[PDB]
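Shown below, as structure tokens, is a lone chain in the form deposited in one PDB entry; questions about how it binds or moves come after it.
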């Protein structure tokens, strides 16, 4: 082959699988809130590396710039959210993206069913799964200091994969790649992305840059 590598398959924790199944099927009107949830996670990841750099400036040797990039790609039908935050070790990725029950999961589930604003429920990492409101597949690329670059992927269905990433090296941070549903291509439009950022993520303390082609 052109390339080959080992790929690990993990089953989602029962409550996480239930949450994903609910997000994928529910009629939820305010789907645009997925972007707020991912930008909030990136903001928290940027706060963490920034905090660690106060007592150890060498933590930013992998990149001083603390920011968020939004990258729509009409050809691949993908929307990517990139940050230069703390990133995730392999253990961090397996633990935080599927194998462990998370705080805010029940609140998220109940808010979805009630048609409530899942944003006003809290600042929970689990808000990540709102990506499946607009995407059929999510790929997460991540790089933590003193560790290798890893790739997580899931099209839901009860399982996810983890492998060493062979793509373009990141200095540090996390890339969330949304493979958008055919009927959700408005989130590739520059005008729409600007509107959603201004409406729900206007007061983020890091620059947000849109890559337009």
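Here the rigid core means the biggest group of C-alpha atoms that line up within 1.5 Å when the two forms are laid on top of each other. Numbering follows the first chain given and starts at 1. Residues that one form lacks are left out of the comparison.
Keep in mind that the form deposited in another entry is not shown, yet the notes after this line are about it.
Colleague: Quick check: residue 111 between this form and the one not shown - does its CA shift reach 2 Å or more after fitting the rigid core?
Modeller: The answer is yes; the displacement is at least 2 Å.
Colleague: Determine whether the C-alpha of residue 124 shifts by 2 Å or more between this form and the one not shown once the rigid core is superposed.
Modeller: Yes, its C-alpha moves 2 Å or more.
Colleague: Report the direction of the Cα distance change between residue 31 and residue 122 in the other form, compared with the displayed form, as closer or farther; the change is 3 Å or more.
Modeller: Compared with this form, residue 31 and residue 122 lie closer in the other form.
Colleague: Flagged pair residue 129/residue 120: C-alpha distance shifts by 3 angstroms or more in the other form. Which direction, closer or farther?
Modeller: Closer, not farther.
Colleague: What parts move between this form and the one not shown when you lay the two on the core: runs of 3+ residues, each CA off by 2 Å or more?
Modeller: Flagged stretches (3+ res, CA at least 2 Å): 1 to 4, 103 to 125.
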